[PDB]
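Residue numbers (full-length UniProt numbering), protein chains in the order written: chain A, 376 to 624; chain B, 1222 to 1237; chain C, 2 to 227; chain D, 2 to 227; chain E, 3 to 339, 347 to 431, 436 to 440; chain F, 7 to 69; chain G, 401 to 748, 766 to 1050. Note sheet for the following structure.
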Amino acid sequence: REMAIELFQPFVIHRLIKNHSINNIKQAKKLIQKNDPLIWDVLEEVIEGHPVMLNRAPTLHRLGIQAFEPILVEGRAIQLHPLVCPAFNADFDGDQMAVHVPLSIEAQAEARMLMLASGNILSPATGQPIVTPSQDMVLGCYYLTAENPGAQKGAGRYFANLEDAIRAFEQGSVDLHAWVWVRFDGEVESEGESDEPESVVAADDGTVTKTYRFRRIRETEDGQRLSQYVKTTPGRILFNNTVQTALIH
Amino acid sequence: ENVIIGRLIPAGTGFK
Amino acid sequence: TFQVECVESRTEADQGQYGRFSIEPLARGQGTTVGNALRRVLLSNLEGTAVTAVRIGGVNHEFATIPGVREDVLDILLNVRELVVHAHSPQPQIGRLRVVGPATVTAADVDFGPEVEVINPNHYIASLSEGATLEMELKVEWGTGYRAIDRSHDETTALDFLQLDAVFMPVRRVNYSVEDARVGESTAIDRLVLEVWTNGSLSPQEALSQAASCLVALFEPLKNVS
Amino acid sequence: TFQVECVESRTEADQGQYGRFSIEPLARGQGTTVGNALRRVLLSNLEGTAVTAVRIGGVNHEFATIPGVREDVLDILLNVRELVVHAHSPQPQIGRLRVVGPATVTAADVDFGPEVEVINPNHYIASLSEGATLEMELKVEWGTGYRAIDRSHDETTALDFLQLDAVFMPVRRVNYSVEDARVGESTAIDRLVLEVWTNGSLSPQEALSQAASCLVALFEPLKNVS
Amino acid sequence: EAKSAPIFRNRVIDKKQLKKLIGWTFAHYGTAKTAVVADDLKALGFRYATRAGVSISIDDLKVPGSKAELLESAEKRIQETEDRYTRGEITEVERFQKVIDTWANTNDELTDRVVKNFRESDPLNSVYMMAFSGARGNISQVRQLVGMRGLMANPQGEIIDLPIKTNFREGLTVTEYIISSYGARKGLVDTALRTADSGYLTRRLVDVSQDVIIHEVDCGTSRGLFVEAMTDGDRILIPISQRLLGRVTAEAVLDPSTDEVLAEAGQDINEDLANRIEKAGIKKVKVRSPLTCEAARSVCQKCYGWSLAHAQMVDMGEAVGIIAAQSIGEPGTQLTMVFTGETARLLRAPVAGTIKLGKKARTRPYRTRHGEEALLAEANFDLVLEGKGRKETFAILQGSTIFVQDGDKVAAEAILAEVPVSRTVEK
Amino acid sequence: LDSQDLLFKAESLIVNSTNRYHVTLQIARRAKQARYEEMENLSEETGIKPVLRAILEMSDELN
Amino acid sequence: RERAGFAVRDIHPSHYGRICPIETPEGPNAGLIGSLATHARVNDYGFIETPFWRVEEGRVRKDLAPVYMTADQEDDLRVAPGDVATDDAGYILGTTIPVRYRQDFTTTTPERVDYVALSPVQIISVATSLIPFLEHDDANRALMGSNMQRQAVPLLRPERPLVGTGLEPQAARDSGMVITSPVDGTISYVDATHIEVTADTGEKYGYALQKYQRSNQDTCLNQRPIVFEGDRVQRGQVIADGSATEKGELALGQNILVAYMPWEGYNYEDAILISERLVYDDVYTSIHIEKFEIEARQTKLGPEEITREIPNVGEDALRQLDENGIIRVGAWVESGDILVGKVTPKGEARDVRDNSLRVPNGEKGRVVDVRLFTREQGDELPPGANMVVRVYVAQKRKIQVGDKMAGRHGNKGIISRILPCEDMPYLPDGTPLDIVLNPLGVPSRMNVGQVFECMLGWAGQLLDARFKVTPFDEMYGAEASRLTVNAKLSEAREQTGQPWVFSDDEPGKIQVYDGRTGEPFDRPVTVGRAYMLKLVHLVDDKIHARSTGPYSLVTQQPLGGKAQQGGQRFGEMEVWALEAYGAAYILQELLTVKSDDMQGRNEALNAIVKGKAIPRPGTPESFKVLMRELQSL
RNA sequence: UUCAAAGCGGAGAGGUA
Ligand SMILES: [Mg+2]
Ligand SMILES: [Zn+2]
């Protein structure tokens, strides 16, 4: 809050003159100097929708300068999103950053439309992605989605859809690493899979229930599929439900 | 050379 | 001294209910206390009704398929386990189903007594096709939380009545968040936003009231004695 | 339903106090919610009393020294700040100290009015030589939490008063643990054990009662307003 | 930018899977959904890495229990070598080679044992979990914590025949600390001095190629180069599909099985088409390039092709020279730049039988890099030896060195031969 | 009105364009024209900033 | 600098025991500045020497005046290291012994060695000798820790380490701030500024103590007494100590409870999460003193007078002046406050102008000294000057978000969050932690010694013991450090009576709960006592901003510098980055309107304030300056 | 009617990322 009141002074003065009719520029400057409570109320609405450019010292490629939208914080340090550190090559052990603001309409529109940090997915040297979970998020995903021979309370329980399994895990009744059967009509991709069908039981009425290592497809006589079940883990259900919910919403 | 004088560079949004 | 307001209030695809509340102004750190204490009680300590036992006629053993029905025992048992019912009595009831003909069987076909009401009147249970008869019998009980039987899976055959793992939860999901409402240069002020998802048996305002009623009586006896 | 009793009580050499309480029977997971709500309210939301300002005769800043005294002003302000004191009236009080000659000034030399009382009359405050005197005035106040000095109290009425960062925390440690108290059939009942350490300003029973009364007033507006 | 349902990934999720998922989301849904998905994954990982309680201790640093016997065997071999040297049987340039090779092979065996021990006893070990998942660790760093530091080098390029046989868990001695400090200082000064060279190179690159801006749409040519995979003889290093993405074809390609066309003239190649070309044979594709385009003092839009940051054809008035210079110059500071071990292959017969070599292969007496004498072979011949129950079908290679001659008794896992796996003879 | 909605709208404007550097100029021209025409002392929805207003209007015209 | 190359910055085998191989700078000065080792000394020719003990028939003669030898002398001898073990300070044990012969490492039978080094720490310097469990650390992190130990700040109440190394009392006796009694007598008078000790009929000894002075880097230089009146005192006993020493020995940091685990993203990539107890308990607070100066000179127009009759000022801004124009001792000064009032005789009625000195923006504190000097009083002054006034201002600083913290083993960090004490994780007895550190930073950098230090500090706190361990401690056993730490922890568990202190399944780990929900974490974590330091890099001295200020004279570009409202430089690498984006309007606005377009600056500012559009720029002034300079050639 | 009194260049040494 101590840098914004200095970098954004002319816009604050203009807003003070137009709304909350003050008088002249000298009175506005005296009001800023006196630290009136109205100053921060004006500044908060001055800075919304105004991008700002952030830069780090050895600019080695074009992703060393990027545009963000500012939020007023209390303290004397700049807060940086963890997902942009590898692009800046930043690190929180003493690094410093520089801040510039654009003034005219063309500069603002151009910073919003060409430099904003949420449209910099790929790298220009090679088309590989550049914003991926890196250090402590990959460890959490690995722990959540791994397997555990011990601590397997509630194994072998049947659930209908993924939300039921998540609700049963949230209130403690199954482990995070247990093996459970869930009902899921979709596309599956298992590791260590047996692509050849197994345990084909030709039941009555021409209904065939093929049992694989990780699926229990049940098919009608020379026809389509009737049902499918997947043997999985509650952590995997959590991971995949999170991804699907993010994509569909 | 347009940077030295202070003109619009002939690349990007200043192309035309 | 704080105020609580109901921001949004929707209704899902004919069954569920959604509610969001804002509570403010609180001290610093009281938002987490109130939110977690409400979450635990809402999710784990409210009573409800569920289907516990079911009997199906004509099971055709050595497999699990029922003649003339597209589904098998496991599918029907998972379908009937999600039925949402609401009872006005503390005593268990009994319901019957004797559909027939080439139709789609829904929750509207169950002939419960006057003391039990079905929330969703169209809940898919099965599809009877051209010459099959479906006989069912359901038992309803009272309880709390997620239950679980011991040494008994779902696709099996037990004596007469088959037991199930009931979901007595009336509340499906609860979320909470704490935001800043400082307004000035003074002591920090909290604001709590709480979202409740319900299965339709209760409105998301009776659940909050019941949780508060159960929480007040836990802390009251620790005040006037010790 | 459920009883609370006290098992142990003690008192240390600093005149602190310790207490152990046993609350039972709870209901399968209600031990943790009750215990954590109590621990969070007790350690954060209680009102106490502290010394907020002090005037020493002859000095005007904190980087000074008084001839004949073994401690500087900065080392006396850090001993006065830890003087635990309990006031009955809800007003600021002023206490007076005047010592002379070879002695060890101790908290027993501070004389407040008939309302405020000292808890540990063996607190060490400075050492004196032959021919040196100490004159002091202390101001006590009510509050909660940790209050920092703001350099806006430039009132001329309070002239030459040195200000301190005030700390009002009458409870210094809380612990709890939930045990299984299964009667024997299947009921799976709980028992909570709670330990409280105070600094002597108030008994652990009074602290527990104050916390339980704050929680009820926190959860009562949600009981039927929603 | 919709309609593509995600697949249910029923597997463990390391860093490679996360990168694959991000790439798939960008390719199918756009640039504003990828940000949302990445934020959700970040929140989930931060939440569930705290509930686990991952920590590090001293007992988490597990050393295999067979280290002592391995070191004892290595030291016995070293003593045999030095006793041979003292009696004049071998020269000085052979003792050094023998003692270097022994300690170079022992370290590989110990590393194998360490890695095998981690994955069997404690597969949820904190060090193993955080190094195998791709979060921060390595294998050259896990080696020095629970294995063995190995052979180091002088302040010059020479090699000290005294190895470091302790980890950081057990603690180095006064003598090993100095030998480590040598390399520490070398790395420090290297890092200090590389930055100026990298910066000067990048500045020169930027000034040479600043005026390359895209002004034209098409020069209308028929020239280009031939793109093929980058292979080191038997092995390939960069496949053709990775090298053919975003390019524009200068001639219609054809499947080498029939007359089915896969691309016409002047067509950019996406990932699907690159995979289709790679799978169906084909070793060379002729493409356009800035090397061969005849425009007015620049490149055109068709000869350049895709812009890799957007996965689209380049726009008009784009400064490609600055981008090329920055891309070449950015990884400049990452250019951070023991003898024959498993790069050869010893052949040990796990049988006990008489020798039936006779005089079939060309056995010329030879003195190997150590002090031993063996027979050098250049004629590829299948070894014939009476191996107890049944004979031998072993195959030698050109330039091999056989130790076993006729009239010998081979035992279980006795050294039988040495085969070079697939040239500068210095002085 | 959310920032995420603005991000999605800007992405949609970038597509259907055939040139990335030609849409920024159009947005800037529209924003300047809107702010200048606002000079009438009526304050027609002055809450929104001119660039976001131009983005919203051009997205609505996209149908 | 341009001529020194790879060969001069290396380590030579002749530096052994004479120059430290660890302590150097990083960057352009790496290898060009070095530090003398612990036992080395320079003879009268100018060559560095080092001591050795003689070995006769495999017996170390530890009673025969160690000999000092230069690099060339000890090339024909077989010299053994200082970590070899003897049985009775006599015969060397073992069958093979490492030796150095002609700058090479070999091994010989112990009847053929000639000399033995004095101590195992003979090879390192004094800063590196203060790191316990050093042989379990990498060399780069050892360099970092040794360098960072010299940037710590003296704290309000210092405290000794629990796992010191044994050299602390010797590193503090050379600064000359600790007072020891030469008497072996009695103490008769103790005061904050004076101590007196009387012998057994041997007169009196009196000492005066410095109080709240100032160092070159604006840090306090206090001195405090330890003893009480009428105390029996022996010779060589510490009587008073300085601002950075506990009783006798150095004390740069504090012992705090630490746990190794990740929080909800606040530990990410070297960030530090601390508790609120470290703020209201006055841990990690320090005193900094600054000095301001004003000069009254004489001019051809006339002399300058120091007085309180300043023009264009009201009585609301002259409260704290002493009717002579100089502020009073004990006043609280905020930013933009007059300290000394001065008027200059301008030529133009009233002919005086006001340029009195005021505190710079961002400074506050108490006035503690106003010493002043003048002529006609015996004071020497620079020519043409009448009087000099010096003012000293002090303040107390607390730890806050953005400050740098460090440990002795190379682990740096920046504080990112300060949690209230009910949110921190707590122990099975209810004690909340003080600091949470990320375990991702240990295995990739190989600081294994910090875990040893934490566990031994935990045992020492539970026993009240204060152990001391010397580096390279494995010459006595196979794994000495682990065995000692395990034995100490087991003894603490047996003495205390609490079984949760130490577990045999997971030795260094205990159970920890969540302060927000009350649920325990899935697996036990490592907790201990760590000794952490606060560095001189504070965020109050690194934040700067500018809108418009002074401009350069020749080029008319904004000035540079924090102390003169300076601007940030936009180099050419940033210009390249903006060119690669396709940006044309941001670049042109940066180059002209915001730097040196002398007429477009005012137009842009007025257009922004009035709410109109910013007009087109012109030609910047530096191009015209260059054209004039080229024409002049 | 006027503004207006606070800004200055170079050299050396050390440090942070
Ligand atoms: Mg860094
Ligand atoms: Zn071309």
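The C-beta atom is built at its ideal place from N, Cα and C for all residues, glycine as well.
Who's in the neighbourhood of ligand 4, going by beta-carbon under 7 Å from any heavy atom, listed in chain order? Ligands in the displayed structure: ligand 1 and ligand 2; ligand 4 is not one of them.
Counting only Cβ pairs nearer than 8 Å, list the residues of chain A close to residue 1025 of chain G. In chain order: 385, 386, 389 and 478.
Helix, strand or coil at residue 73 of chain C [DSSP, three-state]: Residue state, collapsed to three classes: strand.
With H, G and I counted as helix, E and B as strand and the rest as coil, what does DSSP make of residue 225 of chain C? Coil at residue 225 of chain C, not helix or strand.
Applying the criterion that 16 or more other CB atoms from any shown protein chain within 10 Å of the CB defines a buried residue, is residue 783 of chain G buried or exposed? A residue is called buried when at least 16 other Cβ atoms come within 10 angstroms of its Cβ; residue 783 of chain G meets this threshold and is buried.
Alpha-carbon spacing of residue 196 of chain D relative to residue 514 of chain A, whole angstroms: Answer to the nearest angstrom: the Cα atoms are 37 Å apart.
Same chain, Cβ closer than 8 Å to residue 528 of chain G, neighbours up to 5 away in sequence not counted: The residues are 420, 422, 423, 534, 542 and 546.
Measuring only between beta-carbons, confirm whether residue 30 of chain F sits less than 9 Å from chain A. Among the residues facing chain A, residue 30 of chain F is included, as its CB has a counterpart in that chain under 9 Å away.
Which residues, taken in chain order from the stretch 17-34 of chain E, show a beta carbon closer than 8 Å to some beta carbon of chain F? Cβ contacts with chain F: 32, 33 and 34.
Cross-chain neighbours of residue 549 of chain A in chain E, by beta carbon under 7 Å: The CB of residue 549 of chain A never comes closer than 7 Å to any CB in chain E; the least such distance is about 15 Å.
Have a look at residue 1037 of chain G and residue 481 of chain A and give me their C-alpha separation to the nearest angstrom. For residue 1037 of chain G and residue 481 of chain A, the distance between alpha carbons rounds to 20 Å.
Anything in chain G within Cβ reach of residue 38 of chain F, meaning under 8 Å, just list it in chain order. Contact note: residue 38 of chain F reaches chain G through 1030, using a C-beta cutoff of 8 Å and chain order.
Indicate, with yes or no, if ligand 2 has a heavy atom lying under 8 Å from the CB of residue 249 of chain E. Of the heavy atoms belonging to ligand 2, none sits nearer than 8 Å to the Cβ of residue 249 of chain E.
Within the 9 Å Cβ cut-off, does residue 1015 of chain G reach chain A? It does not; no Cβ of chain A falls within 9 Å.
For ligand 2, is there a heavy atom less than 8 Å away from the beta-carbon of residue 349 of chain E? For ligand 2, not one heavy atom lies less than 8 Å from the Cβ of residue 349 of chain E.
Between the stretch 425-444 of chain A and chain G, which residues of the former have a C-beta closer than 9 Å to a C-beta of the latter? Under the 9 Å Cβ criterion, the stretch 425-444 of chain A contributes 428, 430, 433, 434, 435, 436, 437, 438, 439 and 440.
Residue 1043 of chain G: buried (16+ other C-beta within 10 angstroms of its C-beta) or exposed? Exposed, by the Cβ-count rule.
Can you grab the Cα-Cα spacing for the pair residue 33 of chain E / residue 1001 of chain G, in whole Å? Answer to the nearest angstrom: the Cα atoms are 24 Å apart.
Would you mind telling me which residues of chain C sit closer than 8 Å to residue 46 of chain D, beta carbon to beta carbon, in chain order? By Cβ distance, chain C contributes 28, 30 and 31.
Residue 198 of chain C, enclosing alpha helix (DSSP H) - first and last residue: Residue 198 of chain C -> not in any alpha helix (DSSP H); beta strand (DSSP E) instead, spanning 191-199.
Taking 8 Å as the threshold, find out whether the stretch 57-67 of chain D comes into contact with the stretch 129-139 of chain D through three or more Cβ pairs. A contact exists between the stretch 57-67 of chain D and the stretch 129-139 of chain D.
Any beta carbon of chain C sitting closer than 9 Å to that of residue 188 of chain D? Proximity of residue 188 of chain D to chain C, defined by a Cβ-Cβ separation below 9 Å, is not satisfied.
Could you give the distance in angstroms between the alpha-carbon of residue 410 of chain E and the alpha-carbon of residue 386 of chain E? Taking the straight line from one Cα to the other gives about 6 Å.
CA nearest to the CA of residue 454 of chain G, picked from G:444, G:490, G:435 and G:901: In this structure, G:490 is the residue among G:444, G:490, G:435 and G:901 with its C-alpha nearest to the C-alpha of residue 454 of chain G.
Where do the ends of the beta strand (DSSP E) carrying residue 7 of chain D lie? Counting along the chain, the unbroken beta strand (DSSP E) around residue 7 of chain D starts and ends at 4-12.
For chain G, find out if any of its Cβ atoms is closer than 9 Å to the Cβ of residue 176 of chain C; answer yes or no. Not an interface residue.
Run the CB neighbour count on residue 48 of chain F, radius 10 Å, all protein chains shown included, and call it buried at 16 or more, exposed below. Answer is exposed; the Cβ neighbour count stays below 16.
Have a look at G:904, G:639, G:966 and G:881 and flag the residue whose alpha-carbon is nearest the alpha-carbon of residue 624 of chain G. When G:904, G:639, G:966 and G:881 are compared, the shortest CA-CA separation from residue 624 of chain G is found for G:639.
State yes or no: is the beta carbon of residue 173 of chain E nearer than 9 Å to at least one beta carbon in chain B? Taking Cβ atoms only, chain B never reaches closer than 9 Å to residue 173 of chain E, which makes this a no.
Partner residues on chain F for residue 484 of chain A, Cβ-Cβ distance less than 7 Å: Residues of chain F passing the Cβ test: 30, 33, 34, 37 and 57.
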